[PDB]
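The next block holds one structure in the form of structure tokens; read it before the comments.
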Amino acid sequence: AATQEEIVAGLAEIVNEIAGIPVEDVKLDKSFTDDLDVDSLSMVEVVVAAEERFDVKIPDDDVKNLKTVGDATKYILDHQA
């Protein structure tokens, strides 16, 4: 279980590990594979550590359709426990 504050703010922690993007820069209007740029191939590893964080369940086949954390937020909320 998590909140938007865990998703948005929390992702930046994970994103800072995976790639090294600022711990507040992974905002709702910040697209992972566009504005953020998070290694690009390793992006699934962000998912893994995010799944670790929110306890979310998002397989590679599922995550392949995301964009920003705006999408990720309501998405992760429905895909988490």
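Convention: chains lettered A, B, ... in structure tokens order; per-chain residue numbering from 1; ligands numbered from 1 as shown.
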
Considering only alpha helix (DSSP H) as DSSP defines it on the backbone, what residues of chain A qualify? List them as a VMD selection string.
chain A and resid 4 to 18 43 to 54 60 to 63 69 to 79

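Near region 16-21 of chain A, within a cut-off of 12 Å and counting only C-alpha atoms, sit the residues residues 9, 10, 11, 12, 13, 24, 25, 26, 27, 30, 32, 35, 36, 37, 38, 39, 40, 41, 42, 43, 44, 45, 46, 47, 48, 49 and 50 of chain A, with same-chain residues fewer than 3 positions away left out.
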
Convert the current residue selection to file output with N, CA and C atoms, as a CSV table (one decimal), in the first residue's frame.
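As a result, selection-v1.csv now contains:
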```
chain,number,residue,atom,x,y,z
A,9,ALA,N,7.0,10.9,-4.9
A,9,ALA,CA,8.2,11.2,-4.1
A,9,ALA,C,9.1,10.0,-3.9
A,10,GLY,N,8.5,8.8,-3.7
A,10,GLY,CA,9.2,7.6,-3.5
A,10,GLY,C,9.9,7.1,-4.8
A,11,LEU,N,9.3,7.3,-5.9
A,11,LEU,CA,9.9,6.9,-7.2
A,11,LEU,C,11.2,7.6,-7.4
A,12,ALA,N,11.2,8.8,-7.0
A,12,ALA,CA,12.4,9.6,-7.2
A,12,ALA,C,13.6,9.1,-6.4
A,13,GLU,N,13.3,8.4,-5.3
A,13,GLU,CA,14.3,7.8,-4.5
A,13,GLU,C,14.9,6.6,-5.3
A,24,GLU,N,13.3,14.5,-6.2
A,24,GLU,CA,12.1,15.2,-6.3
A,24,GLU,C,11.7,15.5,-7.7
A,25,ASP,N,12.5,14.9,-8.6
A,25,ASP,CA,12.4,15.3,-10.0
A,25,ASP,C,11.4,14.4,-10.8
A,26,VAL,N,10.9,13.4,-10.1
A,26,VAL,CA,10.1,12.4,-10.7
A,26,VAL,C,8.7,12.8,-10.3
A,27,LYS,N,8.2,13.9,-10.9
A,27,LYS,CA,7.0,14.5,-10.7
A,27,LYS,C,5.9,14.0,-11.6
A,30,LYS,N,6.2,14.4,-15.2
A,30,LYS,CA,7.5,13.9,-15.7
A,30,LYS,C,7.4,12.5,-16.2
A,32,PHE,N,8.6,9.1,-17.6
A,32,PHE,CA,9.8,8.3,-17.3
A,32,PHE,C,10.7,8.2,-18.5
A,35,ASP,N,11.0,12.7,-20.2
A,35,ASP,CA,11.5,13.9,-19.6
A,35,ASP,C,12.5,13.5,-18.5
A,36,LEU,N,12.3,12.4,-17.9
A,36,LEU,CA,13.2,11.9,-16.9
A,36,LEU,C,14.4,11.3,-17.5
A,37,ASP,N,14.1,10.2,-18.3
A,37,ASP,CA,15.2,9.4,-18.9
A,37,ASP,C,15.9,8.6,-17.8
A,38,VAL,N,15.5,7.4,-17.7
A,38,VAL,CA,16.0,6.6,-16.6
A,38,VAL,C,16.7,5.3,-17.1
A,39,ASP,N,17.8,5.6,-17.8
A,39,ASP,CA,18.7,4.5,-18.4
A,39,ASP,C,18.0,4.0,-19.7
A,40,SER,N,16.7,3.8,-19.7
A,40,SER,CA,15.9,3.3,-20.8
A,40,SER,C,15.8,1.8,-20.8
A,41,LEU,N,16.9,1.0,-20.7
A,41,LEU,CA,16.8,-0.4,-20.7
A,41,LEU,C,16.5,-1.0,-19.3
A,42,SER,N,17.1,-0.3,-18.3
A,42,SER,CA,17.0,-0.6,-16.9
A,42,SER,C,15.7,-0.2,-16.3
A,43,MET,N,14.9,0.5,-17.0
A,43,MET,CA,13.6,1.0,-16.5
A,43,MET,C,12.8,-0.1,-15.7
A,44,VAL,N,12.9,-1.4,-16.1
A,44,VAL,CA,12.1,-2.4,-15.5
A,44,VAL,C,12.7,-2.6,-14.0
A,45,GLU,N,13.9,-2.3,-13.8
A,45,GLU,CA,14.5,-2.4,-12.5
A,45,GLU,C,14.0,-1.3,-11.6
A,46,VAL,N,13.6,-0.2,-12.2
A,46,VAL,CA,12.9,0.9,-11.4
A,46,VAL,C,11.7,0.3,-10.9
A,47,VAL,N,10.9,-0.4,-11.8
A,47,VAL,CA,9.7,-1.1,-11.4
A,47,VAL,C,9.9,-2.0,-10.2
A,48,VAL,N,10.9,-2.9,-10.4
A,48,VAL,CA,11.2,-3.9,-9.3
A,48,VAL,C,11.4,-3.2,-7.9
A,49,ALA,N,12.2,-2.2,-7.8
A,49,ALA,CA,12.5,-1.5,-6.6
A,49,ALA,C,11.2,-0.6,-6.1
A,50,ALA,N,10.4,-0.3,-7.1
A,50,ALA,CA,9.2,0.4,-6.8
A,50,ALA,C,8.2,-0.6,-6.2
```

Find the spatial neighbours of residue 67 (chain A), counting only C-alpha atoms, within a cut-off of 9 Å - ignore same-chain residues fewer than 3 positions away - and output them as a list in words.
residues 30, 31, 32, 33, 34, 64, 70, 71 and 72 of chain A

Those selected residues, please, written with C-alpha atoms and delivered as a PDB file, in the first residue's frame.
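Writing the result to selection.pdb gives the following:
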```
ATOM      1  CA  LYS A  30       7.452  13.946 -15.654  1.00  0.00           C
ATOM      2  CA  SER A  31       7.411  11.123 -18.132  1.00  0.00           C
ATOM      3  CA  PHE A  32       9.797   8.267 -17.319  1.00  0.00           C
ATOM      4  CA  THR A  33      10.832   7.563 -20.829  1.00  0.00           C
ATOM      5  CA  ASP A  34      10.733  11.190 -22.011  1.00  0.00           C
ATOM      6  CA  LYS A  64       5.261  -1.346 -21.040  1.00  0.00           C
ATOM      7  CA  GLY A  70       0.775  10.723 -13.341  1.00  0.00           C
ATOM      8  CA  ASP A  71      -0.241   7.518 -15.043  1.00  0.00           C
ATOM      9  CA  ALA A  72       1.932   5.536 -12.698  1.00  0.00           C
TER      10      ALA A  72
END
```
